[PDB]
Amino acid sequence: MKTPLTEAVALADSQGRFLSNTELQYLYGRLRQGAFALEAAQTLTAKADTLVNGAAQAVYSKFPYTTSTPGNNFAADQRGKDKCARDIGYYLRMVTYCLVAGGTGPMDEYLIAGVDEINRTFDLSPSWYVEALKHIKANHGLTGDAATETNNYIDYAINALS
Amino acid sequence: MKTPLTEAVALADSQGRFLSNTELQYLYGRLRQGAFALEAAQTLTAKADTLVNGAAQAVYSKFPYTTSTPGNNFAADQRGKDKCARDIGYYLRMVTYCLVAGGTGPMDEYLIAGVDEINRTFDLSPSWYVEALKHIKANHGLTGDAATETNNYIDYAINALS
Amino acid sequence: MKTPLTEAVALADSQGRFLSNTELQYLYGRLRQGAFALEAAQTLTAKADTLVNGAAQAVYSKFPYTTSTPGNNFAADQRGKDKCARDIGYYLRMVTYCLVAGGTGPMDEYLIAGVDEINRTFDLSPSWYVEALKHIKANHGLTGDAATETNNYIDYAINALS
Amino acid sequence: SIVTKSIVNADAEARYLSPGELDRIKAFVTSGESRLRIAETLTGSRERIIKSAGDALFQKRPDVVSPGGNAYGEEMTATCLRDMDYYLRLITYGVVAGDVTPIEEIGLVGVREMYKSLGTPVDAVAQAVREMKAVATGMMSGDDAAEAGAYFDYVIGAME
Amino acid sequence: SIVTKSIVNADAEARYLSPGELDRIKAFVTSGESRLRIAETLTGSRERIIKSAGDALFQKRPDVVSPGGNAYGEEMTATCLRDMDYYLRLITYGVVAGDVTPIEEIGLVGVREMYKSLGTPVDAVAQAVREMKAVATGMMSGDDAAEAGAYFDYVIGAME
Amino acid sequence: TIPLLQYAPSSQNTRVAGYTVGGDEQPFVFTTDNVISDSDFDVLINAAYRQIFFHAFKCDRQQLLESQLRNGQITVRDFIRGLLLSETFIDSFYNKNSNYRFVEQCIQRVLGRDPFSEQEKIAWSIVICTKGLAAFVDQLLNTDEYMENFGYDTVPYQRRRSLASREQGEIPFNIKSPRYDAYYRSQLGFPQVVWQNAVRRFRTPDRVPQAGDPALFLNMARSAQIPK
Amino acid sequence: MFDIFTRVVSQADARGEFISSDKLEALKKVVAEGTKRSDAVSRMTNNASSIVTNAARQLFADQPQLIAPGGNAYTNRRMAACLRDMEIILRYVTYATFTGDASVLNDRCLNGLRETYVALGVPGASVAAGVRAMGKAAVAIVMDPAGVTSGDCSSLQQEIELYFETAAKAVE
Amino acid sequence: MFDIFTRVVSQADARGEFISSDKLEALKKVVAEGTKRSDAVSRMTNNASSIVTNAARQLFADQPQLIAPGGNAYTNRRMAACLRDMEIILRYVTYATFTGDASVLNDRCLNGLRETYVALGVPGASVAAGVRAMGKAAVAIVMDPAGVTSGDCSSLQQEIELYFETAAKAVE
Amino acid sequence: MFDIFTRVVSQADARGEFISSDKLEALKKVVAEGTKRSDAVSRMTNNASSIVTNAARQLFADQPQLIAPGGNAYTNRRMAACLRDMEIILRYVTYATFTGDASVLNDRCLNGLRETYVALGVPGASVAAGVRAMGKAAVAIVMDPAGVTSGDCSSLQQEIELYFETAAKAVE
Ligand SMILES: CCC1=C(C)/C(=C/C2=NC(=C\c3[nH]c(/C=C4\NC(=O)[C@H](C)[C@H]4CC)c(C)c3CCC(=O)O)/C(CCC(=O)O)=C2C)NC1=O
Ligand SMILES: CCC1=C(C)/C(=C/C2=NC(=C\c3[nH]c(/C=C4\NC(=O)[C@H](C)[C@H]4CC)c(C)c3CCC(=O)O)/C(CCC(=O)O)=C2C)NC1=O
Ligand SMILES: CCC1=C(C)/C(=C/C2=NC(=C\c3[nH]c(/C=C4\NC(=O)[C@H](C)[C@H]4CC)c(C)c3CCC(=O)O)/C(CCC(=O)O)=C2C)NC1=O
Ligand SMILES: CCC1=C(C)/C(=C/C2=NC(=C\c3[nH]c(/C=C4\NC(=O)[C@H](C)[C@H]4CC)c(C)c3CCC(=O)O)/C(CCC(=O)O)=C2C)NC1=O
Ligand SMILES: CCC1=C(C)/C(=C/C2=NC(=C\c3[nH]c(/C=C4\NC(=O)[C@H](C)[C@H]4CC)c(C)c3CCC(=O)O)/C(CCC(=O)O)=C2C)NC1=O
Ligand SMILES: CCC1=C(C)/C(=C/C2=NC(=C\c3[nH]c(/C=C4\NC(=O)[C@H](C)[C@H]4CC)c(C)c3CCC(=O)O)/C(CCC(=O)O)=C2C)NC1=O
Ligand SMILES: CCC1=C(C)/C(=C/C2=NC(=C\c3[nH]c(/C=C4\NC(=O)[C@H](C)[C@H]4CC)c(C)c3CCC(=O)O)/C(CCC(=O)O)=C2C)NC1=O
Ligand SMILES: CCC1=C(C)/C(=C/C2=NC(=C\c3[nH]c(/C=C4\NC(=O)[C@H](C)[C@H]4CC)c(C)c3CCC(=O)O)/C(CCC(=O)O)=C2C)NC1=O
Ligand SMILES: CCC1=C(C)/C(=C/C2=NC(=C\c3[nH]c(/C=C4\NC(=O)[C@H](C)[C@H]4CC)c(C)c3CCC(=O)O)/C(CCC(=O)O)=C2C)NC1=O
Ligand SMILES: CCC1=C(C)/C(=C/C2=NC(=C\c3[nH]c(/C=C4\NC(=O)[C@H](C)[C@H]4CC)c(C)c3CCC(=O)O)/C(CCC(=O)O)=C2C)NC1=O
């Protein structure tokens with residue numbers, strides 16, 4: 001759970017010392033971040049369902065073979081589409097959780113830490129999720145510094161994928 | 001390099017003792033294996049080029065999208081086909097090397113140890129290589145116990161892939 | 001308990017992998033060994049009592065002082081002879097156990113691991129047991145490859161003694 | 001049972017048993033062999049009845065096993081299957097006795113008060129006996145399934 | 001208990017409780033805390049007491065587990081350990097009550113007639129309680145072992 | 001930086017000399033001295049990962065530490081320290097467990113032996129907070145026992161876990177000591193409702209043993225040994 | 001950590017005598033069928049990743065509460081650890097049927113993992129059902145003869161199902 | 001090891017949905033008062049050695065049995081360990097009011113130190129009274145104004161006294 | 001880990017006062033007889049291997065079940081471990097009578113080895129009888145005069161038999 005206040009406490013604890021001005025600098029910086037990041041997370045919460053459906057449709061558009069071939073890993077049947085838009089919503093929910101938490105900790109603990117072996121065991125290409133995250137980071141519709149750090153979290157998920 | 005004589009020497013060395021009858025049992029067993037395995041490796045050496053082309057054609061048949069979409073990971077252009085039949089021949093050569101060596105050591109050191117991160121970085125689906133290895137293990141045309149242990153090595157490569 | 005199948009499982013477990021063709025080579029070799037070794041162990045079971053008495057008489061012949069001097073370590077009295085032919089039969093029984101088990105494990109766990117400190121504490125010369133094992137390996141009366149590996153186990157006991 | 005009911009109904013009326021009641025007792029006495037066969041059918045396969053009926057119930061009504069429901073957890077699901085076992089045992093008693101006075105007189109009088117004091121939805125219990133009836137009448141011949149389904153029908157009717 | 005015994009002994013004599021009996025009840029009332037501590041010591045480690053005492057008993061008296069004895073077989077040895085569990089439970093009751101009238105008034109009156117009707121050697125049962133006493137007084141402090149060994153002593157004395 | 005309060009060492013299998021020849025149940029030893037191949041280094045690295053934190057995921061692995069290890073610049077005890085001060089080991093082990101529980105877990109893994117008593121873990125637990133986890137790991141690696149049994153380039157392992165000519169040795173520290181304690185389990189709310197078992201766990205109430213039945217003690221009656 | 005042969009050796013040493021003849025005929029028949037034991041073991045081993053993926057595939061279709069948020073196998077890290085736990089159990093089953101003794105399976109998993117799953121909050125029921133389904137699929141994969149000379153596997157289906165049921169019951 | 005934000009994130013993930021709006025307004029007010037919270041923290045942190053020395057000063061004036069020979073804090077080494085234990089407790093209080101959650105204070109001290117003081121023979125009552133007096137002096141040092149702009153210090157007096165009472169009750 | 005002198009020092013520190021005079025006269029007599037304590041300790045130490053071999057020699061003559069196959073000390077490795085356990089017990093007895101305190105013997109053996117022998121399946125009775133016979137032979141070897149100036153060793157036979165009985169009772 002790599003969030004700034006948690007890791008500041010971990011630094012001060014591993015050093016064995018009290019808190020210094022460094023952690024207070026970390027804190028006024030974190031409050032500066034959260035002062036826009038919480039409203040941006042609320043805006044993503046508002047636009048979430050349409051973003052999930054648009055990402056799923058873009059993923060079906062770029063990879064049309066997954067809709068066609070019979071296979072339980074592919075979303076040819078309906079249960080594949082339910083499970084697969086479910087993990088689209090999982091990715092978007094982890095993006096909002098990292099927007100609230102202020103660090104890549106929630107996605108690192110809920111998504112990243114086992115995603116490679118899961119995609120290895122289940123024959124899931126990570127490029128599908130890369131395409132979906134690219135569609136989300138194109139279509140989230142935020143502006144300014146909140147948009148840049150949202151794109152930062154999504155690009156972090158992309159780099160963790162491939 | 002997990003080959004039986006090497007690992008017998010490693011056991012006797014880590015125990016700090018001389019060789020016992022256990023390693024000689026390992027040895028008469030290894031010679032029993034090699035007495036057919038060397039001729040089977042020669043037969044695979046004979047049928048290698050047609051097996052490589054047949055595996056590449058079966059891979060293009062089951063995954064027709066890779067021939068169509070533009071992308072340097074896909075074998076749409078000609079250089080993709082050269083590199084990709086090159087790694088077909090790589091897989092077949094590692095199968096023959098493990099047939100000669102008598103253990104999964106050569107494929108474990110030359111193929112398996114980094115294949116997951118390579119397919120992660122390069123957007124290569126391992127299912128392509130699984131299809132190719134399945135075509136090879138169907139079409140190698142050996143018979144008997146040599147055929148069973150050849151299928152064992154190919155199935156080991158499949159399980160290491162996904 | 002260094003037996004071939006046990007140590008193959010230990011290798012595959014410490015490596016963290018499944019079983020490969022190496023352990024199956026170990027297995028067809030172990031079955032090849034046991035296919036004569038079990039009948040040789042039965043033949044030693046048949047000739048055991050006369051071999052024990054002959055080894056005890058050869059030990060009394062080469063070391064005649066042990067029958068003469070008063071001492072509880074020496075077999076001058078009758079209880080020394082009972083206990084001492086008992087440990088002759090112990091050595092022969094461990095030889096048969098290693099013949100059945102297919103490795104030096106049973107003698108290594110039942111005899112070898114403490115024999116040096118026991119002979120140190122009890123004033124027993126190990127050369128007595130070396131003479132007895134030499135008489136056994138001369139007079140066991142087997143033939144062929146079973147005889148060679150029986151002599152291998154007895155020579156292993158000799159080298160572990162001195 | 002049938003004999004108890006006929007004796008009591010003639011007993012309040014200060015009369016003997018009428019001959020129609022007597023051939024009723026006679027017909028029940030002759031049909032007791034088929035009643036005992038249905039009872040052995042229900043008794044010998046109680047494990048599969050309780051298991052499959054609990055499976056189909058929790059498939060049908062998943063909220064009582066979800067956190068928040070009554071039968072949530074290991075021991076609560078075990079007590080739920082125990083209550084289903086109780087009701088199958090009373091079904092066997094009512095099959096043998098030829099009437100529902102064992103079932104009613106043991107486990108149906110204050111069933112609403114008891115399951116209201118425990119916090120249990122009684123409709124889900126009716127669904128449990130419905131799935132028990134489905135598995136049990138899937139296990140027998142036609143007239144045997146009808147005769148057992150009469151008592152299963154009485155239990156689900158006495159629930160609601 | 002102590003209070004029952006004092007009340008009955010004053011009750012036959014048609015008198016009230018004498019002051020010496022009253023300070024007896026008072027001293028038992030004060031020592032009840034140590035009695036409850038001995039009871040928790042005996043209760044919490046009953047598994048190891050029964051297991052180790054059965055092991056030492058069958059080591060000491062192997063003929064009752066040999067074919068021909070009473071406690072031969074799986075269920076017979078389980079019933080033997082159950083009888084030892086019964087006697088350890090009565091030991092705990094007698095420890096709390098401060099007197100042996102729970103132990104005697106539950107499981108020691110017709111013990112000879114019962115174990116003669118079952119075909120059981122009573123000396124081997126006395127050895128079972130002896131090994132239970134050894135494991136239990138090996139588990140406590142000195143005065144606690146003496147106070148528990150008094151009741152264990154009463155059980156082995158009431159056997160023979 | 002006051003000295004530790006002195007504590008009793010309890011009796012253990014490691015405390016005796018022990019007279020064992022090379023058996024199977026003796027754990028495999030991995031030194032950098034007898035291994036030089038790319039192969040053998042990969043096998044050693046996976047063995048050290050297995051010993052320090054039961055399974056190592058691909059994100060869990062440290063490219064820096066293994067990369068330094070194949071040259072020879074870094075000794076295997078420094079690789080052990082790099083795994084110990086690693087952030088994923090701290091996150092999985094130090095954050096979730098209690099302090100005393102963490103000291104217990106890490107002493108088990110690094111020294112290869114169980115802690116002698118609770119008093120020893122209490123004694124060692126003060127170094128962690130007074131000086132940081134880095135100084136605690138530094139104080140734990142340079143003791144007499146680690147330097148005597150493993151040293152600079154031997155991967156640590158459980159010492160005399162299994163006895164000679166025994167069927168069952170001891171529980172491996174990996175399966176025995178989990179990653180987090182019961183407190184963190186209570187934080188997760190982890191006892192999950194399983195209705196699909198209670199269909200198959202359900203036995204008829206007549207078949208269930210009661211307080212007069214000897215079926216409760218039957219497991220003890222079959223677990224106890226009776227001589228012939 | 002015992003073989004079949006070391007098991008007979010330890011029993012004969014506890015008896016204190018030599019090995020009797022009938023045990024040697026039993027071990028001769030074991031040496032005749034030990035390769036037979038092995039053929040199932042190798043065809044069991046080659047399909048191991050398919051076995052664990054199909055087992056988790058049916059299990060998480062069967063109990064969707066584990067995939068549901070707040071479930072025990074919900075998190076990606078925890079789900080990878082779940083597949084790791086299953087693969088470990090299958091590997092030690094293959095080891096025990098290699099050596100022909102359940103003592104390796106006992107030694108390596110059983111005595112600790114029940115307490116581990118209690119302490120972790122892991123539901124023992126789901127992993128018990130998963131090991132049962134994995135064992136059913138393993139015997140189903142082993143028994144089919146595809147490109148194999150006809151032979152009798154009847155005893156060895158017995159032994160493999162014994163090992164799987166021992167694992168599933170020790171898990172609980 | 002949790003923040004305020006990670007606490008809301010874990011609760012929203014256990015719910016399985018997105019974060020509701022009222023929790024976001026609560027977190028916005030938390031982000032507005034988080035600096036509030038921590039100026040308070042900084043003036044608590046700067047006087048920490050004075051706080052622990054005055055706390056031990058009043059405690060050993062109050063209970064002279066600890067200073068008396070045979071007392072638990074009598075020996076010079078033990079007395080230094082006592083001041084170390086108190087300073088550690090104050091430091092983890094400052095950490096918990098930094099992160100705004102009591103889970104760090106729970107994680108780092110509470111579950112083990114009660115059993116530690118039982119096993120050591122340390123009287124839990126004296127250290128409980130010392131943590132209470134230290135907390136009273138800490139709020140008394142935090143609440144006074146000396147050159148600082150007026151602020152809503154009071155809720156945070158609520159939270160700091162909560163953390164100190166949690167520490168004193170977990171010590172017992 | 002205590003001496004005689006450190007025992008008096010710890011008791012005087014728990015009292016909190018200086019050492020009283022009668023304890024100092026007792027320690028002066030201890031310093032006069034401490035050499036007396038230990039020349040014998042030296043004659044106990046020099047014959048240690050003979051003591052443990054004669055003790056095991058009488059014990060395995062007395063209980064032939066341990067030497068019998070299936071017995072606890074039957075196996076050669078186990079028999080060497082048995083002689084090692086006995087020699088360790090004798091060595092810590094010699095340490096405790098060197099320092100003049102039983103706390104070293106308690107610290108190094110007693111609290112753990114009873115549970116060790118329970119968990120191992122070691123019969124505590126045989127090793128208790130062996131430690132008793134070893135102690136009887138040790139006092140018998142210590143008490144005889146063969147070229148040594150005569151002295152009254154009555155309280156040191158008392159102390160050595162105390163240490164041996166403490167070891168035998170802690171073993172059980
Ligand atoms: C909270 C973070 C989180 C993630 C990311 C996650 C992914 C995840 N996706 C899974 C399956 C899946 N994932 C997909 C997704 C797709 N397949 C396609 O064809 C589409 C391109 C894409 C749609 C987005 C599908 C269809 C399945 C079901 C296939 C299966 O049986 O394993 C599974 C196996 C569970 C199961 O079999 O039902 C996991 C663990 N789980 C998590 O807990
Ligand atoms: C000796 C063992 C060994 C293996 C297995 C191996 C694989 C391997 N394949 C690669 C690329 C590749 N692999 C493929 C293969 C395919 N793509 C397809 O569409 C087909 C389905 C499949 C044909 C078999 C292709 C087309 C490339 C070139 C793509 C690239 O730029 O990275 C690369 C990156 C090197 C490069 O970019 O040229 C490696 C390392 N290398 C090795 O040394
Ligand atoms: C199963 C493997 C095994 C072995 C090998 C074994 C040897 C063994 N031999 C012993 C004694 C002995 N060993 C001997 C043997 C001899 N002395 C002679 O003069 C002859 C040359 C030779 C006859 C073979 C004798 C006479 C004793 C009794 C002497 C004694 O008190 O210690 C003892 C001490 C036990 C005792 O004192 O009775 C052991 C442990 N024990 C084992 O469990
Ligand atoms: C609380 C007072 C109390 C006692 C003591 C008691 C004993 C009691 N012991 C019984 C059986 C038994 N009890 C034993 C016990 C022993 N046999 C041996 O060899 C050992 C020496 C010994 C135990 C260590 C055995 C073997 C039986 C079975 C007798 C039979 O099956 O014929 C039975 C008949 C079956 C049953 O209903 O349990 C009773 C009632 N019941 C009581 O209420
Ligand atoms: C060599 C023998 C061996 C076994 C058996 C073993 C089990 C084991 N499983 C664990 C976790 C786990 N095991 C499971 C498995 C499951 N949970 C479920 O929900 C399902 C019911 C089941 C899937 C079949 C899961 C999900 C965890 C993760 C718990 C966590 O990380 O919080 C842990 C905690 C540490 C960690 O995985 O990284 C251990 C020690 N470890 C061993 O060394
Ligand atoms: C590691 C490489 C390797 C393999 C693969 C191997 C297999 C193998 N299986 C054999 C036998 C056999 N294998 C089977 C197996 C079966 N028959 C059935 O009908 C069942 C469905 C199935 C088991 C499920 C049978 C029945 C035999 C008969 C001979 C024997 O008992 O070994 C034999 C005996 C010798 C021979 O065939 O030449 C071999 C070689 N040997 C090796 O060295
Ligand atoms: C990070 C969390 C953490 C806590 C809380 C902790 C407590 C802790 N306090 C200890 C000792 C102590 N703690 C105290 C404190 C007190 N005793 C008294 O008399 C007073 C009631 C009180 C003063 C407030 C004393 C005197 C000792 C010394 C005991 C000794 O050395 O024998 C010890 C024994 C080891 C040692 O100090 O050097 C631990 C582990 N350790 C930790 O790592
Ligand atoms: C780590 C170094 C550091 C410190 C020390 C720091 C403190 C600090 N306290 C502030 C505000 C404040 N601080 C307080 C604190 C209080 N007012 C009261 O009346 C109470 C008694 C007391 C709390 C107990 C208040 C009320 C404000 C008003 C502004 C705000 O809400 O931040 C601000 C707002 C920005 C500014 O003042 O320029 C700063 C900088 N900032 C830093 O970067
Ligand atoms: C410093 C204090 C200390 C003590 C006391 C100690 C005892 C000790 N005795 C042991 C074994 C043993 N101890 C005995 C001794 C006996 N068993 C018998 O049958 C006789 C009753 C008795 C001979 C007097 C034996 C036979 C074993 C071997 C058990 C085995 O290896 O399976 C073991 C198991 C590990 C091993 O020896 O190699 C320990 C830890 N260890 C210590 O570190
Ligand atoms: C470390 C090397 C060393 C040894 C061994 C040693 C022994 C030693 N023992 C002595 C005395 C003595 N030692 C004994 C011992 C005993 N008498 C009995 O009858 C008892 C059975 C037995 C005790 C159990 C006695 C009685 C004396 C008389 C003188 C004295 O009190 O010291 C003395 C006095 C000075 C002398 O004898 O010249 C010496 C030197 N001194 C040394 O420097």
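Header says: electron microscopy, 3.5 Å.
A Cβ is built for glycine as well, from the same backbone N, Cα and C atoms used for every other residue.
Under the heading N4-methylasparagine, Swiss-Prot lists G:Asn72. The feature (2R,3E)-phycocyanobilin 1 binding site is assigned by Swiss-Prot to G:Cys82. Feature annotation from Swiss-Prot assigns (2R,3E)-phycocyanobilin 2 binding site to G:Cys153.
Cβ neighbour density within 10 Å is lowest for G:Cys153 among the binding-site residues G:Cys82, G:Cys153. Cβ environment of G:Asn72 (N4-methylasparagine): G:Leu66, G:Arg78, G:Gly121, G:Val122, G:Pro123, G:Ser126 lie under 8 Å away, each six or more residues apart in the same chain. Residues from the recorded positions list (G:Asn72, G:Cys82, G:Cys153) with a C-beta closer than 6 Å to any atom of ligand 6: G:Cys153. Cα separation, the residue listed as '(2R,3E)-phycocyanobilin 2 binding site' to the residue listed as '(2R,3E)-phycocyanobilin 1 binding site', rounded: 31 Å.
Using a CB-CB cutoff of under 8 Å against chain F, the recorded positions that qualify from G:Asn72, G:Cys82, G:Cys153 are G:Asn72. Classification of G:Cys82 ((2R,3E)-phycocyanobilin 1 binding site) by DSSP places it within a helix.
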